[PDB]
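[1] Sequence and experimental coordinates follow.
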Amino acid sequence: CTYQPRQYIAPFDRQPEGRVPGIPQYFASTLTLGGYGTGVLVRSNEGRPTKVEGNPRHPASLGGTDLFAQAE
Amino acid sequence: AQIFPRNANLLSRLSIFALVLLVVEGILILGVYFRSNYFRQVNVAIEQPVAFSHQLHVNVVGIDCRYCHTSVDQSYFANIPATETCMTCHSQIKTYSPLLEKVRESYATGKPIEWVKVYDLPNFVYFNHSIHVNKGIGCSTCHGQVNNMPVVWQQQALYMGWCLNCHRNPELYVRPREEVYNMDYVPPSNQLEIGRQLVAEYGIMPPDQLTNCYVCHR
Amino acid sequence: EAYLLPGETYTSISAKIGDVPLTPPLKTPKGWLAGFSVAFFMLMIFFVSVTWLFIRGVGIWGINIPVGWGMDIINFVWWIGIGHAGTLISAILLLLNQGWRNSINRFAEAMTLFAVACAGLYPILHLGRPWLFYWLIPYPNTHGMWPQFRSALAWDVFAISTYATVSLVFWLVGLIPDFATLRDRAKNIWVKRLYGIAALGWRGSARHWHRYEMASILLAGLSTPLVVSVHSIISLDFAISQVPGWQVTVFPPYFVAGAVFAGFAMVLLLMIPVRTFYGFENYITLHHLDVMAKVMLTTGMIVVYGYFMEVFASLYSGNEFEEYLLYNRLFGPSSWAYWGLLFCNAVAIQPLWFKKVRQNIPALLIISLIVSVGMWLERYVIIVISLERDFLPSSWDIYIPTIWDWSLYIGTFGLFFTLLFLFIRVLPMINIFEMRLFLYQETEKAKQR
Amino acid sequence: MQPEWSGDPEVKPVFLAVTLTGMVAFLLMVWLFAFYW
Ligand code: HEC
Ligand code: HEC
Ligand code: HEC
Ligand code: HEC
Ligand code: HEC
């Protein structure tokens, strides 16, 4: 019996260009409640959305967001 | 003598002694197995699907480890090399070779070459590579001379003993930068002196802060 | 009266006590068969409850986020507290030169060990990662970590382990010369070796009996402060906590008294059948049960005094939290347990002041049964009710046990009764020696007058 | 009172063997649990 299983680990075939792997990237998007969109910063972990923050430059997001944006 | 024979005293003394010794031996069995090089897979050259040779590439061909592990001083994760990293050389340096059919199967189809993790932590420990190389801890204090490794083995088991040993006495292993220098480096005789100067120079914090639980586990 | 009835010789002590063990296993009485079958059934209920506890987790119990310690810790304190009175007969009466311990201390030590085996599973079982129970033990690891050692569960681990080991040691030294008698009468050749290595060839003798009385008196002197401290530490896992009903300074002597009280109830409930069904009426007289009811009455008054101390702490204090403790115990949603506590552990104990109530066997049995149930209710009132309503009213929630709490409780009853039935089968339940010594002391008192 | 093995020739090498047991077994746990990683 061994302490852990083998843990295969998968690199890329062509690397993503502007990101260092292991560092989250923040992208600006827009999320609409009733059509009216609030500017969000969405954390890109390894190229997938993980956490929605508020885009600080936007109207209707002066740093923060409502709960539906956070549970998107 | 009514119930028992003459050497019943002998067998009973030997039996109480043997019970004590098998308790001690079972504790020794459990401790040895939990620290064994089989259990933690230490000094075992775990076979990769291509058999990359670090001995041939770094000590012989001579590529620096930031060429392939490009993320070693920026993130927690030292970058595992992609297929394209091999293909800068191996589209010309003996392609149509049997040792690289997996590498040429990747970079044509998108499926990764499924490497096997040699140094493995239990995933709530949160090692950071950038702060180790940036604060004057080089590879071959934690990985050994990888530059001479044809197949890479784990040099030691990643314990809290070992990690807390450097997090309690960082002066014994710190080096005057040159973290990514090849494993031709040797620790000098004045490792206590030069270690204390480099600890005070790099801002290595007191061990009351570096042995905190939320340092590593999170 | 007299603690030992007349008409008894050393041959009669060894014949009556020694022949309840070493009976042929196919000649074993059918009442024992029925009781052991019931205990085996309830031990299978234990194994099913422990299996579903291990697979699904501790969330099958009714615990929620305010009540982190529900019925599991209640049964732990009840089962560990049953052992105090058994150790009282084992050690404290040995220290105080009490003449009624001579027929009880074997049964008392035995149910102390079995209540310890029933209790000691609960610190393992209530974890929800129970395979890491050894992390509470200071053991050499590759991590270099330690138990906190200022926690009261860190004291609990040392406390139950030392208490289990000392009560096992007291049982084994108390059992070695009765092993020497049972080896000498076994009449089957292989059983004589089995009780022989159990006796270690005891060879009942001066310069061996000197060290016997000397080590037994001295171990009683070791275990007498020890069981007080181990049940003080079972108190201290509430008494160091900052909950209003748990931070009470009276708790270590009050939990010690509640433990002796519930344990004397259990020794009553499990020795009235041992006195009646197995013919040991001369060895355990009616004066035995009289003096045991008297000691239970003492501890019941100290427990009622502890309830008064709680009422005085809640009324005398100007804090809102102690007053709302007394209100929610008196008129809250879980106030039924507190009313049943003052009916059980307080009203029903005042019968025991009168001698005819003490000498009446059915009344004594039923009042002991109310003592055990109301003692359990006292642990409920201490733990669950104080965890229901706390400092922040948003963190107020009711505790309702599931079927699995009661399943584990009944299963621990099965483990207790199973181990008790193997004890009363293979081993004798009354100290054969120290009853012969008690026979000697009784006829010597009859000599010197 | 004295023990019954007080005047026995076995009392010297058996009680030397208890300490040679101690310094073998306990030092083996010392080697495994402190110096073996
Ligand atoms: C040049 C900077 C290289 C990169 C990056 C990688 N390889 Fe290579 N490898 C290179 C040379 C110049 C040599 C020795 C000469 C030779 O070709 O034998 C090697 C050796 C190997 C080999 C053997 C044959 C080969 O085609 O190169 C293999 C199979 C090998 N190295 C594996 C390998 C892998 C899997 C790589 C991607 C991470 C890789 N090398 C990168 C040149 C370079
Ligand atoms: C000696 C060779 C070390 C090894 C083994 C480990 N760490 Fe370390 N690490 C070391 C130093 C001297 C420092 C920075 C000192 C400081 O000023 O803090 C670090 C940095 C870290 C950090 C940063 C946290 C912090 O600095 O507050 C962490 C969380 C960290 N390293 C993680 C970590 C783990 C999980 C380790 C075991 C594999 C580990 N380090 C080993 C020196 C050494
Ligand atoms: C990095 C320097 C760490 C510090 C600080 C702490 N933990 Fe750790 N832990 C770390 C490593 C590299 C290991 C080895 C993994 C192994 O099991 O060998 C551990 C180990 C533990 C374990 C065992 C894990 C398990 O068996 O599930 C535990 C429970 C543990 N450490 C606890 C722990 C505590 C409480 C810490 C704060 C004082 C702590 N560790 C700090 C990494 C590091
Ligand atoms: C000290 C501690 C070191 C330092 C000095 C180096 N590495 Fe890294 N290394 C280390 C650990 C604990 C691990 C496994 C990660 C884990 O959580 O278990 C690794 C592993 C690598 C990896 C694998 C991927 C990863 O870290 O997540 C690569 C790639 C790697 N090491 C490269 C690398 C290089 C080039 C180093 C020299 C600068 C180097 N490591 C140093 C621990 C340590
Ligand atoms: C092609 C150039 C190349 C360079 C140069 C190189 N590596 Fe690697 N390295 C790889 C590849 C591919 C892997 C993943 C395969 C493996 O695990 O062996 C790897 C992974 C490793 C691993 C395995 C970690 C794990 O858990 O899988 C170690 C150890 C390692 N590198 C150390 C080094 C060090 C230190 C250097 C710097 C001297 C270095 N390597 C330089 C290609 C390279």
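    Yep, that arrived. Residues are numbered from 1 along each chain as shown, chains lettered A, B, ... in the order given. Ligands and ions are numbered 1, 2, ... in the order given.
[2] So what's the residue count around residue 32?
    Picked chain A for this. For residue A:32, the neighbour count with other C-beta atoms under 10 Å in any protein chain shown is 11. Just so you know, the C-beta spots here come from the backbone N, C-alpha and C atoms, and that holds for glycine as well.
[3] You answered for a different chain; I wanted chain B.
    Applying other C-beta under 10 Å, we find 12 residues neighbouring residue B:32.
[4] so where does it fall, helix or strand?
    Assigned by DSSP states H and E, residue B:32 belongs to helix B:8-34.
[5] chain center to the helix or strand that that helix is followed by, what's the gap?
    Later in the chain than helix B:8-34, the nearest helix or strand by DSSP H and E is helix B:54. Distance, stretch centre to chain centre, for helix B:54: 15 Å (C-alpha atoms, centre = their mean, to the nearest Å).
[6] hmm, helix B:54 touching ligand 5?
    Yes - legend: contact between helix B:54 and ligand 5 by C-beta under 6 Å from any ligand atom is shown at residue B:54.
[7] who touches that helix?
    Helix B:54 has contacts (C-beta atoms under 8 Å, 6 or more residues apart in numbering or on different chains) with B:146, B:147, B:148, B:149, B:150, B:152.
[8] Which members of those additionally contact ligand 2?
    Near ligand 2, judged by C-beta under 6 Å from any ligand atom, there are no entries from the contacts of helix B:54.
[9] Turn the residues you listed into a markdown table, columns for distance to chain D and neighbour count.
    Output for the contacts of helix B:54, formatted as a markdown table (distance: C-beta to the nearest C-beta, whole Å; neighbours: other C-beta atoms under 10 Å in any protein chain shown):
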| residue | distance to chain D | neighbour count |
| --- | --- | --- |
| B:146 | 21 | 20 |
| B:147 | 25 | 19 |
| B:148 | 23 | 13 |
| B:149 | 22 | 21 |
| B:150 | 26 | 11 |
| B:152 | 20 | 19 |
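[10] what would these look like in TSV with distance to chain C?
    TSV is the format used below for the contacts of helix B:54 (distance: C-beta to the nearest C-beta, whole Å):
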residue	distance to chain C
B:146	24
B:147	28
B:148	27
B:149	25
B:150	29
B:152	22
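[11] Give me the neighbour count for whichever residue of the stretch 51-200 of chain C sits closest to chain A.
    Closest residue of the stretch 51-200 of chain C to chain A, C-beta to the nearest C-beta: residue C:142 (10.9 Å). The number of residues packed near residue C:142 is 17, by other C-beta under 10 Å.
[12] now it: how far from chain B?
    Going from residue C:142 to chain B by C-beta to the nearest C-beta, to the nearest Å gives 5 Å.
[13] need the contact list for that residue.
    Residues near residue C:142 by C-beta under 8 Å, 6+ apart: B:34, B:35, B:157, B:159, B:160, B:161, D:37.
[14] what residues does chain C put near chain A?
    Counting by C-beta under 8 Å from any C-beta of the partner chain, no residue of chain C lies close to chain A.
[15] Okay, buried residues for the lengthiest helix in chain C please.
    For chain C, the helix that runs over the most residues, judged by DSSP state H, is helix C:152-184. Going by neighbour count (16 or more other C-beta atoms under 10 Å in any protein chain shown), the buried part of helix C:152-184 is C:152, C:154-160, C:163-164, C:166-167, C:170-171, C:174-184.
[16] And the residue nearest to the spatial centre of chain A, how far from residue B:61?
    Nearest residue to the geometric centre of chain A (C-alpha atoms, centre = their mean): residue A:43, 2.3 Å. From residue A:43 across to residue B:61, the span is 39 Å (C-beta to C-beta, to the nearest Å).
[17] and if you look at residue C:395?
    Separation of residue C:395 from residue B:61 (C-beta to C-beta): 64 Å.
[18] Could you check which residue of chain A lies nearest chain B?
    Nearest residue of chain A to chain B (C-beta to the nearest C-beta) works out as residue A:22 at 3.0 Å.
[19] Am I right that that residue sits in a helix?
    No - judged by DSSP: H, G, I helix; E, B strand; the rest coil, residue A:22 forms no part of a helix; its state is coil.
[20] Got the phi and psi for it?
    Dihedral pair for residue A:22: phi 100, psi 0, per degrees, to the nearest 10.
[21] Report how many residues lie close to it.
    Neighbour count for residue A:22, taken as other C-beta under 10 Å: 17.
[22] got the contact list for it?
    Contact analysis of residue A:22 by C-beta under 8 Å, 6+ apart lists B:71, B:74, B:75, B:76, B:77, B:79.
[23] Confirm for me that the last one is in contact with residue B:67.
    No - taking C-beta atoms under 8 Å as the contact criterion, residue B:79 and residue B:67 are not neighbours in contact, 10.2 Å apart.
[24] In terms of neighbours, single out the busier of those two.
    Using other C-beta under 10 Å as the criterion, residue B:79 and residue B:67 rank with residue B:79 on top: 21 against 12.
[25] is chain D contacted by the helix holding residue B:32?
    Yes - residues of helix B:8-34 are located near chain D by C-beta under 8 Å from any C-beta, namely B:20, B:21, B:24, B:27, B:28, B:31, B:32.
[26] now the second one: how far from residue D:19?
    Read it as residue B:21. Distance from residue B:21 to residue D:19, by C-beta to C-beta: 15 Å.
[27] repeat for the third one
    From residue B:24 over to residue D:19 the distance is 15 Å, taken as C-beta to C-beta.
[28] ok, now the first one?
    Residue B:20 is 14 Å from residue D:19, where distance means C-beta to C-beta.
[29] With neighbour numbers in mind, choose between those two.
    Applying other C-beta under 10 Å to residue B:20 and residue D:19 shows that residue B:20 carries more neighbours, namely 12 against 9.
[30] check contacts around that one.
    For residue B:20, the contact set (C-beta under 8 Å, 6+ apart) comprises residue D:21.
[31] swap in the one 4 residues further on?
    By C-beta under 8 Å, 6+ apart, the residues touching residue B:24 are D:25, D:28, D:29.
[32] run the last query once more with 6 Å
    residue D:25 (C-beta atoms under 6 Å, 6 or more residues apart in numbering or on different chains).
[33] Which single residue in chain D comes nearest to chain A?
    Closest point on chain D to chain A, by C-beta to the nearest C-beta, is residue D:37, at 13.8 Å.
[34] name the element the nearest residue to that residue once chain neighbours are set aside belongs to?
    Closest residue to residue D:37 apart from its sequence neighbours, by C-beta to C-beta, 6 or more residues apart in numbering or on different chains: residue B:161 at 5.3 Å. Assessed by DSSP H and E, residue B:161 sits inside helix B:160-168.
[35] tell me how far that helix is from the chain's mean position?
    Per C-alpha atoms, centre = their mean, the displacement of helix B:160-168 from the mean C-alpha position of its chain is 13 Å.
[36] Quick check: buried residues in the helix or strand just after that helix?
    Downstream of helix B:160-168, the first helix or strand assigned by DSSP H and E is helix B:191-202. Going by neighbour count (16+ other C-beta under 10 Å), the buried part of helix B:191-202 is B:194, B:195, B:198, B:199, B:202.
[37] Present those residues as CSV; the columns should include distance to residue C:276.
    Output for the buried residues of helix B:191-202, formatted as CSV (distance: C-beta to C-beta, whole Å):
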residue, distance to residue C:276
B:194, 85
B:195, 80
B:198, 83
B:199, 78
B:202, 82
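[38] which one among these gets closest to residue C:67?
    Closest approach to residue C:67 among the buried residues of helix B:191-202 (C-beta to C-beta): residue B:199, at 49.1 Å.
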